[PDB]
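Peer 1: One file: data.cif (mmCIF, C-alpha atoms and all ligand atoms).
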```cif
data_work
loop_
_atom_site.label_atom_id
_atom_site.label_comp_id
_atom_site.auth_asym_id
_atom_site.auth_seq_id
_atom_site.Cartn_x
_atom_site.Cartn_y
_atom_site.Cartn_z
CA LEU I 7 0.00 0.00 0.00
CA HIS I 8 0.97 3.68 -0.52
CA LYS I 9 0.56 6.73 1.64
CA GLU I 10 -0.84 9.79 -0.16
CA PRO I 11 -1.13 13.37 0.94
CA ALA I 12 -4.20 15.00 2.49
CA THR I 13 -4.98 18.00 4.66
CA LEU I 14 -7.32 18.23 7.60
CA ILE I 15 -10.57 20.08 6.94
CA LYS I 16 -12.40 19.18 10.20
CA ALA I 17 -12.46 16.49 12.87
CA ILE I 18 -15.85 14.74 12.95
CA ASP I 19 -15.87 11.81 15.42
CA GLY I 20 -13.73 8.88 16.51
CA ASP I 21 -13.62 7.02 13.18
CA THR I 22 -14.50 9.70 10.62
CA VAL I 23 -12.69 12.90 9.62
CA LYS I 24 -13.09 15.44 6.82
CA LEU I 25 -10.00 15.73 4.67
CA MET I 26 -9.00 17.38 1.47
CA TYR I 27 -7.70 14.67 -0.83
CA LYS I 28 -6.48 15.43 -4.38
CA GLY I 29 -7.86 18.90 -3.82
CA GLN I 30 -11.44 17.81 -3.00
CA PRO I 31 -13.23 17.69 0.33
CA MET I 32 -14.18 14.23 1.48
CA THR I 33 -15.38 12.44 4.58
CA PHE I 34 -13.03 9.49 5.37
CA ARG I 35 -14.16 6.50 7.37
CA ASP I 36 -11.32 4.53 9.01
CA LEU I 37 -10.86 1.00 7.74
CA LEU I 38 -11.12 -1.99 10.10
CA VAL I 39 -12.42 -0.19 13.19
CA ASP I 40 -15.55 0.96 14.97
CA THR I 41 -15.60 3.71 17.54
CA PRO I 42 -18.68 4.33 19.73
CA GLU I 43 -21.02 7.04 18.43
CA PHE I 50 -20.67 10.38 20.20
CA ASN I 51 -23.88 9.64 22.06
CA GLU I 52 -22.52 6.28 23.49
CA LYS I 53 -20.06 5.33 26.26
CA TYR I 54 -16.47 6.23 25.22
CA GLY I 55 -17.83 8.08 22.16
CA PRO I 56 -16.78 11.50 23.40
CA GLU I 57 -13.36 10.11 24.39
CA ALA I 58 -12.87 8.45 20.96
CA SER I 59 -13.84 11.75 19.23
CA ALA I 60 -11.45 13.82 21.41
CA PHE I 61 -8.62 11.29 20.82
CA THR I 62 -8.97 11.45 17.04
CA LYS I 63 -9.46 15.25 17.12
CA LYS I 64 -6.22 15.80 19.00
CA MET I 65 -4.26 13.41 16.79
CA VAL I 66 -5.31 14.94 13.47
CA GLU I 67 -5.29 18.58 14.60
CA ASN I 68 -1.80 18.33 16.13
CA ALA I 69 -0.31 16.57 13.05
CA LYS I 70 2.03 18.44 10.77
CA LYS I 71 1.31 15.86 8.06
CA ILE I 72 -1.86 13.86 7.40
CA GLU I 73 -1.71 10.95 4.94
CA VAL I 74 -4.27 8.51 3.67
CA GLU I 75 -3.57 4.97 2.56
CA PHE I 76 -6.14 3.08 0.54
CA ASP I 77 -6.23 -0.69 0.68
CA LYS I 78 -6.55 -3.01 -2.31
CA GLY I 79 -10.38 -3.06 -2.55
CA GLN I 80 -13.05 -0.45 -2.58
CA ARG I 81 -12.02 3.12 -1.83
CA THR I 82 -15.41 4.55 -1.14
CA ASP I 83 -18.40 3.19 0.76
CA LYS I 84 -22.09 3.35 -0.09
CA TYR I 85 -22.33 6.77 1.54
CA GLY I 86 -19.49 8.23 -0.55
CA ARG I 87 -17.01 8.14 2.36
CA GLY I 88 -13.39 7.41 1.56
CA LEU I 89 -12.20 4.14 3.18
CA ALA I 90 -8.58 4.35 4.26
CA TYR I 91 -5.93 4.06 6.92
CA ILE I 92 -5.29 7.55 8.20
CA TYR I 93 -1.83 8.62 9.44
CA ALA I 94 -0.88 11.59 11.56
CA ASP I 95 2.89 12.31 11.42
CA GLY I 96 3.40 8.68 10.40
CA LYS I 97 1.29 7.15 13.19
CA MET I 98 -1.82 5.28 12.13
CA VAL I 99 -4.98 6.73 13.70
CA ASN I 100 -6.90 3.48 13.18
CA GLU I 101 -4.30 1.48 15.16
CA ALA I 102 -3.86 4.11 17.84
CA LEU I 103 -7.63 4.10 18.61
CA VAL I 104 -7.64 0.27 18.89
CA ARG I 105 -4.49 0.28 21.03
CA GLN I 106 -6.09 2.73 23.45
CA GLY I 107 -9.33 0.73 23.78
CA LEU I 108 -11.32 3.47 22.00
CA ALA I 109 -12.28 1.34 19.00
CA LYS I 110 -12.90 -2.30 18.28
CA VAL I 111 -11.57 -4.12 15.23
CA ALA I 112 -14.67 -4.39 13.04
CA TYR I 113 -15.96 -4.24 9.46
CA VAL I 114 -13.24 -6.56 8.20
CA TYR I 115 -14.19 -7.13 4.59
CA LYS I 116 -12.17 -9.55 2.46
CA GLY I 117 -9.73 -7.70 0.20
CA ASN I 118 -9.60 -4.45 2.20
CA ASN I 119 -7.99 -5.99 5.20
CA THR I 120 -4.23 -5.56 4.79
CA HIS I 121 -3.74 -4.23 8.38
CA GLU I 122 -6.06 -6.63 10.11
CA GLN I 123 -3.51 -8.56 12.04
CA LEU I 124 -1.64 -5.41 13.12
CA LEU I 125 -4.89 -4.06 14.51
CA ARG I 126 -5.96 -7.29 16.18
CA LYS I 127 -2.58 -7.34 17.99
CA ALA I 128 -3.28 -3.79 19.25
CA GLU I 129 -6.71 -4.81 20.41
CA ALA I 130 -5.31 -7.83 22.35
CA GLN I 131 -2.93 -5.46 24.11
CA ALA I 132 -5.69 -2.97 24.98
CA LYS I 133 -7.87 -5.74 26.28
CA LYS I 134 -5.07 -7.19 28.45
CA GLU I 135 -4.58 -3.69 29.89
CA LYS I 136 -8.34 -3.37 30.46
CA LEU I 137 -8.33 0.04 28.70
CA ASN I 138 -11.43 2.07 28.18
CA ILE I 139 -13.99 -0.05 26.29
CA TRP I 140 -12.27 -3.15 27.82
CA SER I 141 -12.41 -1.80 31.38
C1 LIG I 201 -15.75 0.72 7.86
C2 LIG I 201 -16.67 0.32 6.70
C3 LIG I 201 -17.98 0.68 6.82
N1 LIG I 201 -18.89 0.42 5.84
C4 LIG I 201 -20.36 0.65 6.02
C5 LIG I 201 -21.02 -0.57 6.76
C6 LIG I 201 -22.02 0.06 7.69
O1 LIG I 201 -23.29 0.11 6.93
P1 LIG I 201 -24.66 0.56 7.69
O2 LIG I 201 -24.68 2.11 7.74
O3 LIG I 201 -25.75 0.05 6.79
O4 LIG I 201 -24.66 -0.01 9.08
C7 LIG I 201 -21.53 1.46 7.94
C8 LIG I 201 -20.87 1.54 9.29
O5 LIG I 201 -20.30 2.89 9.45
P2 LIG I 201 -20.42 3.67 10.78
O6 LIG I 201 -19.78 2.82 11.88
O7 LIG I 201 -19.66 4.87 10.46
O8 LIG I 201 -21.93 3.91 11.06
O9 LIG I 201 -20.52 1.74 6.92
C9 LIG I 201 -18.46 -0.14 4.71
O10 LIG I 201 -19.30 -0.42 3.79
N2 LIG I 201 -17.17 -0.44 4.51
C10 LIG I 201 -16.21 -0.23 5.48
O11 LIG I 201 -15.09 -0.61 5.32
CA CA I 202 -18.84 4.19 14.46
#
```
Would you write out, as structure tokens, the structure that this file holds?
Ligand SMILES: Cc1cn([C@H]2C[C@H](OP(=O)(O)O)[C@@H](COP(=O)(O)O)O2)c(=O)[nH]c1=O
Ligand SMILES: [Ca+2]

Peer 2:
Amino acid sequence: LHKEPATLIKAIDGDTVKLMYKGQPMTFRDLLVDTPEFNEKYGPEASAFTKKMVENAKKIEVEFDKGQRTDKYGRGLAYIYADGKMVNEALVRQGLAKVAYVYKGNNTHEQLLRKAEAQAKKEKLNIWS
């Protein structure tokens, strides 16, 4: 896979962010994870964690997987990086997202993220507390 440039337009919630990609505004949904909705337990914490990560980054990048790049709602589907650190993984490692929505052929980082989730669960972090 390849990292590509993007710029932050606006934080949205734990697993979605508005980015400018190839010069066009888009909503991106993070591959392979599910954060709680803002209205649910840990939802506010997941949103604040993603907000800080993307706002503080000097460089945002997106990395598409091998399969579909947009979902049925028109959201980009990608791994999002903030100064080289994957947001998707960092949420899972902190117990602020579960590994989820693992569709065959857009799942390159699945085992990396499942290892992060095992660690968060062993630490009883957040959703796993
Ligand atoms: C993460 C992901 C979500 N989706 C769709 C499945 C879910 O459909 P439904 O809306 O019908 O439940 C929805 C979950 O997104 P949210 O967790 O953002 O609600 O997004 C994909 O199609 N591909 C993906 O890789
Ligand atoms: Ca969600």

Peer 1: Mind dumping a table of every chain I residue within 10 Å of ligand CA 202 (chain I), with the nearest atom pair and its distance in Å to one decimal, using all atoms listed in the file, sorted by chain and rising number, as a Markdown table?

Peer 2:
```
| residue | atom | partner | partner_atom | distance |
| --- | --- | --- | --- | --- |
| I:19 | CA | I:CA202 | CA | 8.2 |
| I:20 | CA | I:CA202 | CA | 7.2 |
| I:21 | CA | I:CA202 | CA | 6.1 |
| I:22 | CA | I:CA202 | CA | 8.0 |
| I:35 | CA | I:CA202 | CA | 8.8 |
| I:36 | CA | I:CA202 | CA | 9.3 |
| I:39 | CA | I:CA202 | CA | 7.9 |
| I:40 | CA | I:CA202 | CA | 4.6 |
| I:41 | CA | I:CA202 | CA | 4.5 |
| I:42 | CA | I:CA202 | CA | 5.3 |
| I:43 | CA | I:CA202 | CA | 5.4 |
| I:50 | CA | I:CA202 | CA | 8.6 |
| I:52 | CA | I:CA202 | CA | 10.0 |
| I:55 | CA | I:CA202 | CA | 8.7 |
| I:58 | CA | I:CA202 | CA | 9.8 |
| I:109 | CA | I:CA202 | CA | 8.5 |
| I:110 | CA | I:CA202 | CA | 9.6 |
| I:112 | CA | I:CA202 | CA | 9.6 |
```

Peer 1: In Å, rounded to a single decimal, give me how far CA of residue 68 in chain I is from CA of residue 121 in chain I.

Peer 2: 23.9 Å

Peer 1: Might I get the box with edges along x, y and z of the file that holds all atoms of ligand LIG 201 (chain I) listed there, padded by 8 Å on every side, given as centre and edge lengths in Å to one decimal, as AutoDock Vina command-line options?

Peer 2:
```
--center_x -20.4 --center_y 2.1 --center_z 7.8 --size_x 26.7 --size_y 21.5 --size_z 24.1
```

Peer 1: Got a sec: who's within 10 Å of residue 104 in chain I, counting all atoms listed in the file, leaving out chain neighbours fewer than 5 positions off, as a PyMOL selection string?

Peer 2: chain I and resi 38-41+58+99+109-111+125-133+137+139

Peer 1: Report, in Å with one decimal, the straight-line distance from CA of residue 8 in chain I to CA of residue 73 in chain I.

Peer 2: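 Between CA of residue 8 in chain I and CA of residue 73 in chain I the gap works out to 9.5 Å.
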